[PDB]
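The primary structure of each chain is shown beneath.
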Amino acid sequence: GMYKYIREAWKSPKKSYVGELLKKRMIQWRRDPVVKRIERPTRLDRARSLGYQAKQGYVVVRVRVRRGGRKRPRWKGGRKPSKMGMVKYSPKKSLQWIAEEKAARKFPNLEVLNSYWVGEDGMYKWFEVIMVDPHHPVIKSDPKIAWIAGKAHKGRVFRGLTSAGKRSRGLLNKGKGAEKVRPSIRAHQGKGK
Amino acid sequence: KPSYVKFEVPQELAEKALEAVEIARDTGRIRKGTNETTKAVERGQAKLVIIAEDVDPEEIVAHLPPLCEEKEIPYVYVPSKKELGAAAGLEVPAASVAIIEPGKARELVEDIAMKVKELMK
Amino acid sequence: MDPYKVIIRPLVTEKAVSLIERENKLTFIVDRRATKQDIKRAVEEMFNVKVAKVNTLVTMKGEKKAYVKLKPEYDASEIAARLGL
Amino acid sequence: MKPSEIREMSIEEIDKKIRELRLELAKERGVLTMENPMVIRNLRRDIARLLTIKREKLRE
RNA sequence: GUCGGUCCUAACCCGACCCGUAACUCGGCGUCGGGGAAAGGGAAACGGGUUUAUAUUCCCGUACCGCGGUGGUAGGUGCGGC
RNA sequence: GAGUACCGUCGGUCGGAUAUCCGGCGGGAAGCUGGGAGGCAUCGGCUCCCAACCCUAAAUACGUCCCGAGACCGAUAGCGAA
RNA sequence: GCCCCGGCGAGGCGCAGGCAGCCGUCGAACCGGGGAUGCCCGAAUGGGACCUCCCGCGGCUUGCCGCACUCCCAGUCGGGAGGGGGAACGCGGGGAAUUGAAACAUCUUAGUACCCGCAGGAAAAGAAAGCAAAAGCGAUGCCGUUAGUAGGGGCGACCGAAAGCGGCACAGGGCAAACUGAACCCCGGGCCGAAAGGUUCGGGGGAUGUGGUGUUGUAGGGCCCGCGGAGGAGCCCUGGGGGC
């Protein structure tokens, strides 16, 4: 037990005791910096499913991002009318992934593993990101996360191998409809997404 | 001050609870940890639940009061996890503990239960 | 620097010879990276003399050059003969 | 000079010989501006051998 | 050692943090730290002679600054003038 | 294995057409007597499968390099440079 | 240009045909292998640059070590990581116009040139909430065909797949949870051992769960029951032979 009850509390927070908790917590988070390290996860069931243990080498980092889409900058030279838009654009990455990348900038000796949603507002979204030190012996002594010390896993979040990146790349659909997403997007000339 | 706390137990009760836990550890049976405690309560083997107030996030232990109130098992609060764990016989701290098979604490648990009821009402 | 590496070369020119005769001076070519004090030591050891003054200039070939004046107890001509000239 | 000979010697004799050859090299470079054009090459490489061998000895 | 740099700040600039940006070798407020004038501010040398070619830089003669010392006095415990 | 499957709407993209994939906004589940797919939506039948966590060699692409070759050029040619 | 081990076996001192001279038979030059020394700038890193040069602080005995920024484990000491470079190939984002349509605006050029970021000797993908149709297949990836087809489109100019069939090559494993409950991991020092490995002391973590079990579909696993008790496939080199 103790895990399904947390899952229940968070499956709809407006209905549980979590809404007002989150109101207060945000009152205090809005003053914090954009990337902040913490002691313990807020959604422990979800963390421990995504891969998180209470050993040395795991780090939890909250990130704040702004909501909505993009506003393109204006164009200097002449354009055709199908190419003048500035406002109603949206990004092709998700805010989850953008947050992961900001954290990866701030902690350079580390590597990202996964992330989970932890709050909303009218202007901001909040994600908690998990990270792992690949040069710790406690971490090189565990076969579940000893792959991460390899020579092809640095830049993971940047090339797109985290779950958010796979989602945004299209690697959750397998048959009809996903003819253009394997083995990659460049392989098909960006013609998927 | 958190919101899973429904009432204010004083020094009296908190200290008696720590000593009851230490005595029940050294004589009877003690289930340590939120998950052990939760399962004990779900199966009915729990005769008293000690909960900590020094906890964050509250989502760890915020399910226990509204469950023990149903199963009709008494529960008290205490203000620190390090002390509770030291009592239970750990170097790490505990957020929740369950007393099963009391030995030499029976009357302590009697009084704790009565005062907890008087306080809740 | 260290003694015995400072001094590269002694000079033999008409100006240097004039100074040897008149002023009791020696004229050396030295490693750029040495200072007046290191030059002083170097001369003292490599020749067992007491020195009075050192003056330096970097040339238009990339060479540091030292005019060295000894105390009137000693004599330049002596060491100039001890060397070749 | 031959490493066989140099290896029969002590660290202080080696230091002394290095100083001596340094001085002889200076005075030869001096008189050069004013026969046997190889004195300089040979002395340089002598000092080189001496330094290498002293470093070996100290590393043992 | 004494000429000038080297020191001080000016208009101005950079770095780190911070906020933004899909991102940056891009953009920027504030805090902190640092740079920025061989005609601004600013310890101290003048005459004669010497060389094919340097000299307030070398030689003679007469001097001055800054650090550290040795030895004596002023003073600590002294006066003159409405 | 939940702000997930799914539903509407906006922008982009695709051969993807009332039937591609990505993202923003507003709503939002069941959870083993369970759940998904079967080219408009829905009802029934049948067939196939169990998402929202992770690792993984071989067959492949390249040639700032090497070996080795040539119905290639032969000093205004051949690489810009014998 | 200095040293050592080997090969070759008499001359040698770069392109580069000179004067004068030295090295070598105690085995050179040359070739293969391994070591030493290695100025300043530069990621450039103790702090600064109108000139690849300057200015310093601690601690030990002129000589030396240490001291950037952002981070992890610790914590009054220490131990570690990143940063820059690299033809073409690679993953992820941002994104034009000339031109064509005999003008042009949707389309085309084109997810192109170019820009930003991240990796390697290969990268990326990869073990069905799939394909299909009265029959059946069985992870990914590459070639040849399917095919200028289905299908998109001022239905104009034009754009444009897949499944399957034939072959190359082949390989499958682990978590979360349920049930147990410290039975567990790491650092440093000491004793066995040739080593792979095993045993004690002091610290760091871990009850907000370390270790064990467990992993899937006309279901699988756990708890309960009975019966049975082939994890024995792999690690090392004091050894003895072989091939390259």
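Residues numbered from 1 in each chain as written, not as in the entry; some residues may be left out. Chains lettered and ligands numbered in written order. Part of a larger assembly, values for the part shown. Heavy atoms only, no water.

Undergrad: How should the overall build of chain B be read in this particular structure?
TA: When helices and strands are tallied, chain B shows five helices and four strands. Ordered by position from N to C terminus, the α and β elements of chain B give α-β-α-β-α-β-α-β-α. In terms of C-alpha radius of gyration, chain B reaches 13 Å, essentially the compact-globule figure of 14 Å for 121 residues. The principal-axis extents of the C-alpha atoms in chain B amount to approximately 35 × 35 × 30 Å. Out of the 121 residues in chain B, the part that is buried amounts to 49%. If you take every contact in chain B between residues at least 6 apart in sequence, the share linking residues at least 24 apart comes to 84%. Surface accessibility of chain B: about 6400 Å² in total, with carbon and sulfur atoms responsible for 47%. The distance from the centre of the 18 positive side-chain charges to the centre of the 23 negative ones in chain B is 6 Å. (Helix = DSSP H or I, 4+ residues; strand = E, 2+ residues; numbered from the N terminus. Rg over C-alpha atoms; globule rule 2.2 N^0.38 Å. Buried < 20%, exposed > 50% of the residue type's maximum accessible area, 1.4 Å probe, protein only. Contact = heavy atoms within 4.5 Å. Areas by Shrake-Rupley, 256 points an atom, 1.4 Å probe, with all protein chains shown as cover. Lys, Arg positive; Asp, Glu negative; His and termini not counted. Charge placed at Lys NZ, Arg CZ, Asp CG, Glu CD.)

Undergrad: Please explain the protein's contact with RNA strand F as it appears in this structure.
TA: Residue and element names in this part refer to chain A. Surrounding RNA strand F, one finds 37 residues, the nearest of these being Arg-43, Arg-46, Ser-90, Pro-91 and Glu-179. A breakdown of the atoms of RNA strand F within 4 Å of the protein gives sugar and phosphate a share of 73%. Between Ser-90 and RNA strand F, the recorded distance is 2.5 Å, taken from a side-chain N or O atom to a sugar or linking oxygen. Between a sugar or linking oxygen of RNA strand F and a side-chain N or O atom of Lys-92, the distance comes to 2.9 Å. Going through the elements one at a time, α1 (4-11), α3 (44-50), β3 (111-120) and α7 (163-169) are the ones with two or more residues in the surface near RNA strand F. The element that contributes the greatest number of residues to the surface near RNA strand F is α7, accounting for four residues. Looking at the surface near RNA strand F, its residues break down into six nonpolar, 12 polar and 19 charged. (Near = heavy atom within 4 Å. Polar contact = N/O pair within 3.5 Å; in protein donor to acceptor, adjacent residues only side chain to side chain. Nonpolar A, V, L, I, M, F, W, Y, C, P; charged D, E, K, R; others polar.)

Undergrad: Any chance you could explain the interface of chain D and chain C here in plain terms?
TA: Interfaces are often described in size by the accessible area the parts lose on coming together. Opposite the nine residues of chain D that make contact, chain C presents 11 residues. A buried area of about 920 Å², summed over both sides, lies between chain D and chain C, and 77% of it is on carbon and sulfur atoms. Run the count over chain D and chain C and you get zero residue pairs in polar contact. (Buried area = accessible area lost by both parts, 1.4 Å probe.)

Undergrad: In this structure, what is going on with the packing of aromatic side chains? I would like to understand it.
TA: For any pair of aromatic rings, geometry is given as the distance between the ring centres together with the angle between the planes. All chains considered together, the criterion is met by nine aromatic pairs over all chains. Ring geometry for A:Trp10 against A:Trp117: centres 6.2 Å apart, planes inclined by 90°, an arrangement best described as edge-to-face. Taken together, the residues A:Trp10 in helix α1 and A:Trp117 in strand β3 connect sequence positions 107 residues apart. Classification of A:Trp117 by relative accessible area gives partly exposed; the value is 27%. Taking the centre distance of 6.1 Å and the plane angle of 20° together, the rings of C:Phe28 and C:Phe47 count as stacked. With a gap of 19 residues between them, C:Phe28 in strand β2 (residues 25-30) and C:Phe47 in helix α2 (residues 36-47) connect regions that are remote in the sequence. An aromatic cluster is defined as three or more aromatic residues linked by ring pairs; in this entry it consists of B:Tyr4, B:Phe7, B:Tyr75 and B:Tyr77. (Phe/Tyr/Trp six-rings, centres within 6.5 Å; stacked < 30°, edge-to-face > 60°.)

Undergrad: I'm lost on the protein's contact with RNA strand G in this one. Help?
TA: Lining the immediate environment of RNA strand G, one finds 93 residues, of which A:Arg48, A:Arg72, A:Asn109, A:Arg186 and B:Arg31 sit closest. What you see for RNA strand G is that sugar and phosphate hold 80% of its atoms within 4 Å of the protein. Take A:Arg37: an N or O atom from its side chain is 2.8 Å from a phosphate oxygen of RNA strand G. Here B:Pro93 contributes a backbone N or O atom positioned 3.0 Å from a phosphate oxygen of RNA strand G. For the surface near RNA strand G, the secondary structure elements donating two or more residues are α3, α4 (95-106), α5 (137-140) and α6 (156-159) of chain A, β1 (29-32) and α2 (34-43) of chain B together with α3 (39-59) of chain D.

Undergrad: Looking at this structure, how should I read the sheet that holds β3(A)?
TA: Residue and element names in this part refer to chain A. Strand order in the open sheet formed by four strands is β1-β2-β4-β3, and the pairing between neighbours is antiparallel. The open sheet has two free edges, formed respectively by β1 (35-38) and β3, since each of these has just one partner strand. The sheet shows a mean angle of 25° between the axes of neighbouring strands, direction not considered. Sheet topology note: the β1/strand β2 (residues 58-66) ladder contains four bridges and is antiparallel. Looking across to β2, one finds that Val-35 is bridged to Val-63. (Pairing = 2+ DSSP bridges. Axes fitted to C-alpha atoms, helices over the stretch in contact; angles between N-to-C directions.)

Undergrad: In this structure, what is going on with the pattern of salt bridges? I would like to understand it.
TA: Any two side chains of opposite charge can pair, given that their charged atoms come close. Residue and element names in this part refer to chain B. Evaluated as defined, the whole model comprises 19 salt bridges over all chains. The closest approach of N and O atoms between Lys-71 and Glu-70, which form a salt bridge, is 2.8 Å. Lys-71 gets classed as partly exposed once you look at its relative accessible area, which sits at 33%. Each of the salt bridges in this network shares a partner with another, and the network as a whole consists of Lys-16, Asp-111 and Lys-115. (Salt bridge = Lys/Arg side-chain N within 4 Å of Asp/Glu carboxyl O.)

Undergrad: What should I look at first to understand the packing of helix α1 (residues 11-26) of chain B against helix α4 (residues 81-88) of chain B in this one?
TA: Helix-helix packing is described using two parameters, namely the angle between the two axes and the distance between the axes. All names here are of chain B. Across the interface, α1 lies against α4 with an axial gap of 8 Å and an inter-helix angle of 30°. It follows from the interaxial angle that α1 and α4 lie roughly parallel. Contacts between α1 and α4 involve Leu-18, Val-21, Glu-22 and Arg-25 on the former and, on the latter, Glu-83, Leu-84, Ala-86, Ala-87 and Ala-88. In terms of residue class, the contact of α1 with α4 is built from six nonpolar, no polar and three charged. (Parallel < 35°, antiparallel > 145°, perpendicular 65-115°, else oblique.)

Undergrad: Could you clarify how one ought to interpret the environment of B:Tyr75 in this entry?
TA: Residues and elements named next belong to chain B. Considering the arrangement of structural elements, one finds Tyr-75 in strand β3 (residues 75-78). As for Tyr-75 and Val-116, which are separated by 41 residues in sequence, their C-alpha atoms are 7.5 Å apart. Sequence-distant contacts of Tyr-75, defined by excluding residues within four places in its chain, comprise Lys-6, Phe-7, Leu-48, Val-49, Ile-51, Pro-65, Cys-68, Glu-69, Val-116 and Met-120.

Undergrad: Quick question: what am I supposed to make of the nonpolar core here?
TA: Across soluble globular proteins, nonpolar side chains have a tendency to be buried as a group. Within the largest apolar cluster, 49 residues are counted, with the highest numbers of intra-cluster contacts made by B:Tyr4, B:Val41, B:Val49, B:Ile50, B:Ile51, B:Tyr77 and B:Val97. Sorting elements by how many residues they give to this core places α1(B) first, with six residues. Setting aside its immediate chain neighbours within four residues, B:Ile50 contacts B:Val21, B:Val76, B:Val78, B:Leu84, B:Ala95, B:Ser96, B:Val97 and B:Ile99. The next biggest cluster of nonpolar side chains, apart from the first, holds 23 residues, and it includes C:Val6, C:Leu26, C:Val68 and C:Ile79. (Core = buried A, V, L, I, M, F, W, Y, C linked by side-chain atoms within 4.5 Å.)

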